[PDB]
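Engineer: After the structure tokens below, expect a handful of questions from me.
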Amino acid sequence: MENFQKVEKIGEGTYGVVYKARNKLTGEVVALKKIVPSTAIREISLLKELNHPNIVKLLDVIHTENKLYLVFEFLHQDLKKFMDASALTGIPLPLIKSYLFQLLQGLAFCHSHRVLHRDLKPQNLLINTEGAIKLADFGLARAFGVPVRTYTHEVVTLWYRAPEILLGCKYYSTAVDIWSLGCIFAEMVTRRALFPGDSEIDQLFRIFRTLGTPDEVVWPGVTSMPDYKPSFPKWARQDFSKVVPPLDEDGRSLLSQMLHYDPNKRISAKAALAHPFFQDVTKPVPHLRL
Ligand SMILES: Nc1nc(N)c(N=O)c(OCC2CCCCC2)n1
């Protein structure tokens with residue numbers, strides 16, 4: 001840590017305080033995350049080779065005195081801040097599309113190397129002035145476990161959690177990131193979170209109230225998951241035209257496939273890249289205030 005000069009405390013991520021810092025020798029500006037058992041060091045260290053334009057680069061892993069600091073590429077704004085700034089107007093559809101498309105490429109790449117994010121949320125999607133969007137914290141939950149409470153004991157968000165995770169599946173897959181991204185896609189479009197649960201049961205029931213209570217007809221095997229209860233209220237599914245009204249039928253069709261209950265049929269990132277919604281995808285530049 002003597003190689004850096006902390007400029008400002010960017011905020012509090014899942015694992016600790018995130019800082020804006022400057023490398024004392026090179027003068028590079030980086031984001032430094034304060035977070036070790038050997039396993040987690042080997043795993044994180046493997047994440048230093050997982051480079052992609054739509055993945056926030058892990059620059060270095062600093063372990064000093066039982067303290068672990070992750071050094072990432074610095075981006076200029078996170079997506080939550082950008083949506084908050086875009087609230088009265090909403091993010092233009094062509095930019096929403098470019099962003100979805102890029103994030104689907106970042107997920108396709110990590111998922112081809114069998115790496116999952118598991119905790120995708122607007123705060124860990126980072127954007128720059130050239131129109132790029134990148135995922136931060138890729139592969140960290142498997143590396144260290146995503147806590148219930150953060151370092152400040154900030155509530156860990158459940159809003160983007162896939163239903164197989166909430167239902168107790170222990171071996172869930174790369175489909176959980178597609179579910180999260182579909183929720184983030186919905187939120188960009190409507191300017192409201194899709195499923196803002198404030199507890200695990202509320203998260204699930206908000207899901208069930210909009211997509212219908214899952215059963216063996218739409219999700220084979222769901223009735224045998226660990227936390228599934230036959231006493232769940234049985235709600236009817238809602239139309240997607242009511243869920244993300246703004247969106248055209250191609251977008252609603254892709255979102256519906258990203259929010260399939262059954263993880264095995266949920267659309268994969270690579271297959272989502274070929275959906276017709278992306279036929280006229282472009283790369284607009286956001287309007288940023290840094
Ligand atoms: N600028 C910047 N660059 C990063 N690479 C980065 N995370 O990886 C990051 O994170 C900013 C977030 C952290 C979570 C709380 C909300 C603010 N910022």
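Naming works like this for the structure tokens: A, B, ... for the chains as they're shown, residue 1 at the start of each chain, ligands 1 onward in shown order.
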Using only C-alpha atoms and all ligand atoms, which residues have at least one atom no more than 6 Å from ligand 1? Output them as a list in words.

Structural biologist: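 Using only C-alpha atoms and all ligand atoms, everything at most 6 Å from ligand 1 comes to residues 10, 11, 12, 13, 18, 31, 56, 72, 73, 74, 75, 76, 77, 78, 123 and 136 of chain A.
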
Engineer: With C-alpha atoms retained, export the selected residues as a PDB file, in the first residue's frame.

Structural biologist:
ATOM      1  CA  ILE A  10     -15.228   6.044  -3.796  1.00  0.00           C
ATOM      2  CA  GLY A  11     -17.882   4.168  -1.787  1.00  0.00           C
ATOM      3  CA  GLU A  12     -18.529   0.817  -0.036  1.00  0.00           C
ATOM      4  CA  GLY A  13     -18.650  -2.274  -2.192  1.00  0.00           C
ATOM      5  CA  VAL A  18     -13.483   1.118  -2.540  1.00  0.00           C
ATOM      6  CA  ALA A  31      -9.767   1.862  -7.898  1.00  0.00           C
ATOM      7  CA  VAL A  56     -13.116  -4.263 -15.395  1.00  0.00           C
ATOM      8  CA  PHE A  72      -8.618  -2.544 -10.672  1.00  0.00           C
ATOM      9  CA  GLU A  73      -8.805  -0.327 -13.703  1.00  0.00           C
ATOM     10  CA  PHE A  74     -10.579   2.912 -12.798  1.00  0.00           C
ATOM     11  CA  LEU A  75     -13.770   3.719 -14.693  1.00  0.00           C
ATOM     12  CA  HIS A  76     -15.543   7.051 -14.485  1.00  0.00           C
ATOM     13  CA  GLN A  77     -19.023   6.358 -13.333  1.00  0.00           C
ATOM     14  CA  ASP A  78     -21.097   3.455 -12.132  1.00  0.00           C
ATOM     15  CA  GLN A 123     -23.228  -0.507  -8.715  1.00  0.00           C
ATOM     16  CA  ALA A 136     -16.629  -5.106 -11.917  1.00  0.00           C
TER      17      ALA A 136
END

Engineer: Hey, what's within 12 Å of residue A:193 if we count only C-alpha atoms and toss same-chain stuff fewer than 2 positions away? As a list in words, please?

Structural biologist: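 Residues meeting the cut-off are residues 80, 83, 84, 121, 122, 157, 158, 159, 160, 180, 181, 182, 183, 184, 185, 186, 187, 188, 189, 190, 191, 195, 196, 197, 203, 206, 207, 243 and 244 of chain A.
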
Engineer: Which residues in stretch 26-145 of chain A does DSSP call strand (DSSP E)? List them as a PyMOL selection string.

Structural biologist: chain A and resi 29-34+58-64+67-73+77-78+125-127+133-135

Engineer: Can you check which residues of stretch 88-149 of chain A DSSP gives as helix (DSSP H, G or I) on the backbone and send them as a ChimeraX atom specification?

Structural biologist: /A:93-112,122-124,140-144

Engineer: As a list in words, please: the residues near residue A:146 (cut-off 8 Å, only C-alpha atoms, same-chain neighbours under 5 positions excluded).

Structural biologist: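 Counting only the stated atoms, we get residues 14, 15, 119, 140 and 141 of chain A.
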
Engineer: Can you work out which one of A:238, A:205, A:250, A:169 has the shortest atom-to-atom distance to residue A:224, counting only C-alpha atoms?

Structural biologist: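 So, comparing all the options, the nearest one is A:169.
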